[PDB]
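Everything below concerns the one structure shown next.
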Amino acid sequence: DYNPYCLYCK
Amino acid sequence: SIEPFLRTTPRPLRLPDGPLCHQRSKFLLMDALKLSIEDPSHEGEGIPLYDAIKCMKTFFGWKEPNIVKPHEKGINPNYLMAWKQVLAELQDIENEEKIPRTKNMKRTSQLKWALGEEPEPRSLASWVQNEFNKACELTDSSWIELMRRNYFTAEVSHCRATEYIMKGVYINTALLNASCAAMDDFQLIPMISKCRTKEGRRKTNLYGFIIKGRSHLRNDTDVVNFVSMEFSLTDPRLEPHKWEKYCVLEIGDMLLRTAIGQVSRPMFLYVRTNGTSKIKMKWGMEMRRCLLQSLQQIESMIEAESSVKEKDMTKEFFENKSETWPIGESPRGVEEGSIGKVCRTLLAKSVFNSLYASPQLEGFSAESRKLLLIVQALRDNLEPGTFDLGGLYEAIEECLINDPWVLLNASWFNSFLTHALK
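Those protein sequences? They're chains A and B, same order as listed.
Counted the way this note's numbering counts, the first sequence spans residues 107 to 116.
Counted the way this note's numbering counts, the second sequence spans residues 1035 to 1456.
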């Protein structure tokens, strides 16, 4: 389940 | 630095309770079925109606249509008759010498009814996420033809979200041109896209048809009604809630070479009345901005490791798929993926914001951004002002009613929050 917000947690 | 117990820890957003949310896109997405023809080597776009008839001839299982899931708030016989009417008019086109560029349909009582001459809360259904995931994947076809721009393009060209861009530019352009040229007439518009196959050949794709209603679009805001009629292999009985706005017919039997062998599966037609506007059509026509925009987003993420290591690591990041960003979230753990996944995830977000554009999304975006900044500052231990969290949660949560994409975005935020302020 892809969630674009997880890119904020790099 | 105030005492801990006084510090405000943002709570999850509250998503409304209700019956599951329903599909509200202008056309089908993951459930779409293409009937396709291989264009000649020379190619040269034929006439939509000619291609559409050609595409329909590639299917060999057509049968007498029947209603298998009614539109609860509709006159379902009118939908069946509307479909039969489309076939009759295609037959008439077939019988003339030349294929015409456009076809105006007879204004029968069923078409006038269907062309027409929601504040109740809904809970978030899992179909929305499933849609988003499918938009992120790669198709076997490339939907775009021809810096860091080049490596970006390699990754998104076969991306399902990019099919949706091209589908939406085509339909909205047909729909707009028909709207200008034939304001009174019920015009029959094939839903067509074009792609290039793995082998290199051009392909023309028929998803179905749209009948345009009356279109005196004096203003941007003025609405044109239309009936959409779209092939699919999705049985509506799997997820009835998704299809509340639709009448679904069974129109055919399709052969699939399955993992056991050759199966017969029913082909369906998803039918519904829907609306759009001059401004909404023009925005549909602009959907290629979604590629420029997500490009800007990726170039900016590659302008962080370009001013950190004093040398742009583009050839690195793209050429080496060993670097990863956090992309998904299995309760197993945070799923990570190559820069390709990131490019596609971001495209899909940009596209879905276009496809599911709404006032709710406008509110949600403007407000959730401010809370997002607070959450980032909290996570960096920076002590941002939380004095207006009350007003902010109100401004956000009054946008959480029934729109499936907003609901999904809210649900995504709540997951981010848990991980961010763990």
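Just so you know, even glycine gets a beta-carbon here, dropped at the ideal spot from N, CA and C.
Beta-carbon proximity of residue 1239(B) to residue 1228(B), cut-off 8 Å
yes
Enclosing beta strand (DSSP E) for residue 1266(B) [first to last residue]:
1257 to 1266
Enclosing alpha helix (DSSP H) for residue 1304(B) [first to last residue]:
Residue 1304(B): not part of any alpha helix (DSSP H); member of the beta strand (DSSP E) spanning 1296 to 1311, first to last residue.
If we define contact as Cβ-Cβ less than 8 Å, is residue 1383(B) a contact residue for chain A?
yes
Among 1135(B), 1254(B), 1296(B) and 1355(B), the one whose alpha carbon lies nearest that of residue 1311(B):
1254(B)
Using a Cβ-Cβ cut-off of 8 Å, state whether residue 1376(B) counts as contacting chain A.
yes
Can you check which of these residues, 1182(B), 1283(B) and 1322(B), is closest to residue 1374(B) by C-alpha distance?
1182(B)
Using 8 Å as the limit for Cβ to Cβ distance, is residue 1410(B) near chain A?
Closer than 8 Å: yes.
Any 3 or more C-beta pairs closer than 8 Å across the segment 1399 to 1415 of chain B and the segment 1041 to 1061 of chain B
yes
Per-residue contacts from residue 1170(B) into chain A (C-beta, under 7 Å):
108
Cutoff 8 Å: residue 1329(B) Cβ touching any chain A Cβ
no
First and last residue of the alpha helix (DSSP H) that includes residue 1200(B)?
1194 to 1215
Is residue 1199(B) close to chain A? Criterion is C-beta to C-beta, closer than 8 Å.
no
What does residue 1228(B) pair with, by DSSP beta-bridge criteria?
1238(B)
Can the beta-carbon of residue 1087(B) be found less than 8 Å from the beta-carbon of residue 1283(B)?
no
Strictly below 9 Å CB to CB, what residues from chain A border residue 1348(B)?
Those do not exist, as residue 1348(B) stays about 17 Å from chain A at its closest Cβ, beyond 9 Å.
Given that residue 1361(B) touches chain A, what residues does it touch there, using C-beta distances under 9 Å?
108, 109, 110, 112 and 113
Could you name the residues that DSSP lists as bridge partners for residue 1070(B)?
1239(B)
Local conformation of residue 1373(B) per DSSP, three classes
helix
Within 8 Å (strictly less), CB to CB, does residue 1453(B) reach chain A?
yes
In this structure, how does DSSP classify residue 1408(B) when only helix, strand and coil are distinguished?
helix
So what does DSSP say about residue 1060(B), is it helix, strand or coil?
coil
Leaving out five residues before and five after residue 1169(B) in sequence, what residues of the same chain have Cβ atoms less than 6 Å from its Cβ?
Result list for residue 1169(B): 1194, 1195 and 1382, in chain order.
Whole angstroms are fine: how far does the CA of residue 1408(B) sit from the CA of residue 1388(B)?
Approximately 26 Å between the Cα atoms of the pair.
Is there contact here, the segment 1156 to 1164 of chain B with the segment 1043 to 1062 of chain B, by at least three beta-carbon pairs under 8 Å?
Contact between the segment 1156 to 1164 of chain B and the segment 1043 to 1062 of chain B is present, because at least three Cβ pairs lie under 8 Å.
Any heavy atom of the ligand NAD closer than 7 Å to the CB of residue 1167(B)?
The ligand content of the structure shown is nil, which means the ligand NAD is not present either.
Is it the case that the Cβ atoms of residue 1061(B) and residue 1341(B) are separated by a distance below 8 Å?
no
Nearest-angstrom Cα separation, counted from residue 1242(B) out to residue 1144(B):
19 Å
Does the separation of the CB atoms of residue 1296(B) and residue 1303(B) fall below 8 Å?
no
What three-state label does DSSP hand residue 1183(B) in the structure shown?
In the structure shown, residue 1183(B) adopts helical secondary structure according to DSSP, grouped into three states.
Beta-carbon separation of residue 1439(B) and residue 1257(B) under 8 Å?
With respect to residue 1257(B), residue 1439(B) sits apart: the two C-beta atoms are not nearer than 8 Å.
Do you know how far the Cα of residue 1321(B) is from the Cα of residue 1206(B)?
10 Å
Quick check: what's the CA-CA separation for residue 1133(B) versus residue 1069(B)?
In a straight line, the C-alpha of residue 1133(B) is about 19 Å away from that of residue 1069(B).
Going along chain A, which residues have a C-beta under 9 Å from residue 1163(B)?
107, 108 and 109
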